[PDB]
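One-letter residues, chain by chain:
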Amino acid sequence: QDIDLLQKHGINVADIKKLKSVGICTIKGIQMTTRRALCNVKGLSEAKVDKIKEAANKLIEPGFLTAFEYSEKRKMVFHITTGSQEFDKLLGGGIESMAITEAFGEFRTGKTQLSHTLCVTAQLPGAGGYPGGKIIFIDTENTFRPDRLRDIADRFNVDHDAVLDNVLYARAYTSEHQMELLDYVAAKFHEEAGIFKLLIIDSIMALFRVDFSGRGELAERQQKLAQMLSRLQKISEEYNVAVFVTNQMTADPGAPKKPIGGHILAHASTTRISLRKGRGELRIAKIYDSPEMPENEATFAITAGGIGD
Amino acid sequence: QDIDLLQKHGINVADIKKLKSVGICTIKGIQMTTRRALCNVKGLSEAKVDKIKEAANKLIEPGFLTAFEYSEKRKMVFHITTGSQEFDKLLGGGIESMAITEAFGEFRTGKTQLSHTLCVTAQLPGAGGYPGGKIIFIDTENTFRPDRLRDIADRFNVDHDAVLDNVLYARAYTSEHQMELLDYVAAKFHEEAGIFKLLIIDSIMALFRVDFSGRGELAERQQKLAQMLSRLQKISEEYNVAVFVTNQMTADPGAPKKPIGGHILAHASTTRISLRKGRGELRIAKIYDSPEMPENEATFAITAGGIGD
Amino acid sequence: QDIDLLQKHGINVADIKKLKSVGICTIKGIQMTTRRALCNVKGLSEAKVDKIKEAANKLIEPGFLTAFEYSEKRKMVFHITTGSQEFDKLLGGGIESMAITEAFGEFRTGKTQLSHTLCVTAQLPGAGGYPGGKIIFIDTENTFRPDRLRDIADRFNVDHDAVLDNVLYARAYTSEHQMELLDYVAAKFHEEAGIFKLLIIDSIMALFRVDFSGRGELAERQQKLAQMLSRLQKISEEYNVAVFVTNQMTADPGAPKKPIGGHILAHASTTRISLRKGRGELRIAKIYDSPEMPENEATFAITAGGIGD
DNA sequence: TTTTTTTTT
DNA sequence: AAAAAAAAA
Ligand SMILES: Nc1ncnc2c1ncn2[C@@H]1O[C@H](COP(=O)(O)OP(=O)(O)NP(=O)(O)O)[C@@H](O)[C@H]1O
Ligand SMILES: Nc1ncnc2c1ncn2[C@@H]1O[C@H](COP(=O)(O)OP(=O)(O)NP(=O)(O)O)[C@@H](O)[C@H]1O
Ligand SMILES: Nc1ncnc2c1ncn2[C@@H]1O[C@H](COP(=O)(O)OP(=O)(O)NP(=O)(O)O)[C@@H](O)[C@H]1O
Ligand SMILES: [Ca+2]
Ligand SMILES: [Ca+2]
Ligand SMILES: [Ca+2]
């Protein structure tokens, strides 16, 4: 899986450790970089980069899979449950495995309570043979109270010390620190192959809407957000992990609410779960922009223990 | 149809297998390449390429067809239906057969639901004697859930295993991998003559808007998109297949929405179908830039089963 | 903690006093500024700012803390009590230490009486080993009667002259004077390290709702309020101090009351305490938007001596 | 050719 | 039941 199949196929050793300096560590990682962004890396020409692409092209089929073959090749995908069976039948078993899942709400709709539940119920063996693994959590506002994890872990009856161990944690401080933090994500997914299951970014747009002005720096903002969302799509298919992201809302005095991000974020997201408030601690959850499931509604219970019924 | 009529017309055998190395496999394929791009191929001079163009020019008429002759010669064209009779009377029978058809929407307007329907209703014998054939699908975002094909195939009452067999599938990963994937398309159209009917690119501009910067690399981007769209126009007339492409949108703070691509994509496209959202699961479809049909509107129903009424 | 670790790591002396001119005085302060807002400062290029970010990156771990490590690293946080044990069991021990706490009421609900109590009960050694320290108070309406502090200090039996000494005071006059007053806050937190515990802004939105018009200058107002609230989040984690803010209310003729600020203020606030009036001098306090504590209610007594039972 | 922001009473 | 303004690559 890692880059040593090219040594027996016409590539010497003096560039394998030079390609590993930028972040490329997988054979499919060479399939995902352009030939123009392999020259501006630190010390390679145009004459010797052509013989790397023909070296990698013999290892994977450059052909056309039949749709019957892709049906079995779409059995890598797991479905990570939420904590309530009314929210998983809505989503269709849980969260997808090679995709980006969005969720947005007003202000008290339970976004990080949905995030804090997933830090517990992804370490548990669910349906379909999903084994469970460790969890990357990139917090961005402040909200990673870890004693709330010890409050949800008791209703699933798991040990306290062995549920606070599989959650790796790192806080971003600005918009570019959120982008340079994805390099250590791709390394930790790669050096320990097969024991990571999801990646949670607590809010993508909580730092872009503050580090940029209004109409002046709008075009640089969406051209920097698109470079980040495409990198997350490649990470979620390199190592087959789920991605769950949340974002906030804004008003509309031109005509009520709508999520921020624009058309860049709405297109690059696979599923979007709207969230609003009901009576007491019930919450209503709709479905926006799903490839498979239709638009229905469900109900929550944000109790001590995350999401319930 | 293939290149062996030149052997009896002054061309030896030592270049026929040398022209087949680049991709030229048809007599009309020599009519579509320049005399300047036949020298930079791998091993031919200027003195021996002149005697190939005079060898091919005696086989097809270098004259002027009367418009009465071209009327019968425009009876190769079929029309592939959508799934609703309100959307085919708008388009004028369905999708054109020697052309490029575009469709763009906001984010939930049902673009890949329109694409997933065409993977089923092109294997069915429709009106005008259209027999039905296999389907090339080039996905670019992630969205080729094949179990949705088993959900539309039941409302047309066809067998499940014989509808998952005629869909060949390949995913592009970068912008140049999307261009080098068209070589295997032209070979698979050629080696099995007459059993392919359409080609679907899921999004052209979902990879160009991310692999290029703003005003810096704008001119290289549109000069690489124009090389791809012209290649698709030649493929759609070599083997007489339909081309259906989709693309996304952007805002306009200078003055609402407009499709990306610029003037290169709007000129090289034959028909453009705008798509917006109505109440519930109704959608409204307009017509932009059609050579034949006027500007009208229709209505959809994106149910389990693709497009309905 | 201050910026002298870079002198032994490839940074000369000619920019350390030039970075101190804008406000950057801590090693983590370089972790919180962008690379784009380090060029427009007064005299630095793009070629010499790259070697500052690599100089600071070796000092702190650019890695991933385990959640067991972050549990001990969340023991910096203290909890500043209010004055009644019914309001601290509701909040969960008191006010948070790395967060922004909001409180809103109708007009007589006791917002500045809640603020005037905190100027006294933060100089007292409470539970959990909280030592007590000095207090920054940014008043914005007019309401900092200091003889009310001598009325609450007697029920805690502390000396009068040594409770009027630890309260530094400054009044803002317009919206931008409220923003330029935070520069002297960050300097006074830095030059006397470890003897400041909270920062009180008396009202954020008492000056934004008057210096701006209706729908005309709405977008500039929320784009200037978001620049201020993010700066307060960084201050509250640079030096580990609490932030307590209050704001007012408005009606709703479209359909009763709701707090001003919009979705910018509701998202950037960590905890919100609603306040209403009961019979006599009892007041009722609810909880809006808390990461840890559920929605319950309590009771007050605004007597001579601040908040009681 | 590119790119959406923001509730008041 | 009514009210709009914002630009740089
Ligand atoms: N232990 C708990 N038991 C019950 N409800 C709780 C508990 N902790 C928090 N809540 C509720 O959960 C809600 C807060 O959810 P939260 O995860 O903060 O959503 P949020 O949208 O991220 N808030 P914000 O990030 O500011 O927009 C509030 O209604 C709290 O009252
Ligand atoms: N089985 C189904 N029944 C009914 N509606 C469905 C079904 N599956 C998906 N939908 C709806 O179809 C819409 C999604 O259409 P889609 O094909 O994703 O358009 P799209 O523009 O390609 N989305 P995107 O590519 O991100 O822009 C959503 O409104 C879904 O709720
Ligand atoms: N010495 C005192 N003893 C008891 N109650 C007092 C005393 N001084 C003031 N109050 C009460 O405190 C209340 C005013 O508290 P205050 O914190 O000023 O509310 P407020 O919300 O700030 N008013 P405003 O700023 O205009 O919204 C009134 O009900 C007064 O009667
Ligand atoms: Ca939150
Ligand atoms: Ca799609
Ligand atoms: Ca007051």
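Residues numbered from 1 in each chain as written, not as in the entry; some residues may be left out. Chains lettered and ligands numbered in written order. Heavy atoms only, no water.

For this entry, the PDB record names cryo-EM as the structure determination method and reports a resolution of 3.36 Å.

S.K.: Is there a simple way to think about the side chain of A:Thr34 in this case?
M.R.: Structurally, A:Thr34 can be placed in the loop between α2 (27–30) and α3 (50–57). A residue is classified by how much of its surface remains accessible, and A:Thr34, at 13% relative accessible area, is buried. Of note is the side chain of A:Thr34, whose polar atom sits 3.3 Å from the backbone nitrogen of A:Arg36. One polar contact links the side chain of A:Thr34 to the main-chain amide nitrogen of A:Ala37, over a distance of 2.8 Å. Not counting chain neighbours up to four residues away, the residues in contact with A:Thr34 comprise B:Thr174 and B:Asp211. (Helix = DSSP H or I, 4+ residues; strand = E, 2+ residues; numbered from the N terminus. Buried < 20%, exposed > 50% of the residue type's maximum accessible area, 1.4 Å probe, protein only. Polar contact = N/O pair within 3.5 Å; in protein donor to acceptor, adjacent residues only side chain to side chain. Contact = heavy atoms within 4.5 Å.)

S.K.: Can you walk me through the UniProt feature "binding site: ssDNA" in chain A in this structure?
M.R.: Per the UniProt annotation, the sites labelled "binding site: ssDNA" are A:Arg209, A:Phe212, A:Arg215, A:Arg221 and A:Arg283. Residue placement: A:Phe212 occurs in the loop between β5 (196–201) and α10 (218–238). Of the residues examined, A:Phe212 reaches a relative accessible area of 5% and is grouped as buried. Those residues in contact with A:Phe212, other than ones at most four positions away along the chain, are A:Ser175, A:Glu217, A:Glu220, A:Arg221, C:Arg36 and C:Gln227. By the secondary structure assignment, A:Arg215 is in the loop between β5 and α10. By relative accessible area, which is 64% here, A:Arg215 ends up exposed. (UniProt positions renumbered as here; feature names shortened; annotations may be inferred.)

S.K.: So what exactly am I meant to see when it comes to the interface of chain A and chain C here?
M.R.: Interface extent is often summarised as the accessible area lost during association of the parts. Taken together, the contacts link 45 residues of chain A with 38 residues of chain C. Counting each side, the surface lost to burial between chain A and chain C is near 3,700 Å², with a carbon and sulfur contribution of 55%. Across the contact surface, chain A and chain C share 4 salt bridges. Viewed at the interface, chain C and chain A are joined by 14 residue pairs in polar contact. (Buried area = accessible area lost by both parts, 1.4 Å probe. Salt bridge = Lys/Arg side-chain N within 4 Å of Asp/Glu carboxyl O.)

S.K.: Honestly, the protein's contact with DNA strand E in this entry has me stumped. Any pointers?
M.R.: In the neighbourhood of DNA strand E, the contacting residues comprise A:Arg215, A:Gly216, A:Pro253, A:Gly254, B:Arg215, B:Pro253, B:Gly254, C:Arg215, C:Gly216 and C:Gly254. Near the protein, meaning within 4 Å, the atoms of DNA strand E are sugar or phosphate in a fraction of 24%, with bases accounting for the rest. Contacts to DNA strand E include A:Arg215, whose backbone N or O atom sits 3.3 Å from a base nitrogen. In this structure, a base nitrogen belonging to DNA strand E sits 3.5 Å away from a main-chain N or O atom of B:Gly254. (Near = heavy atom within 4 Å.)

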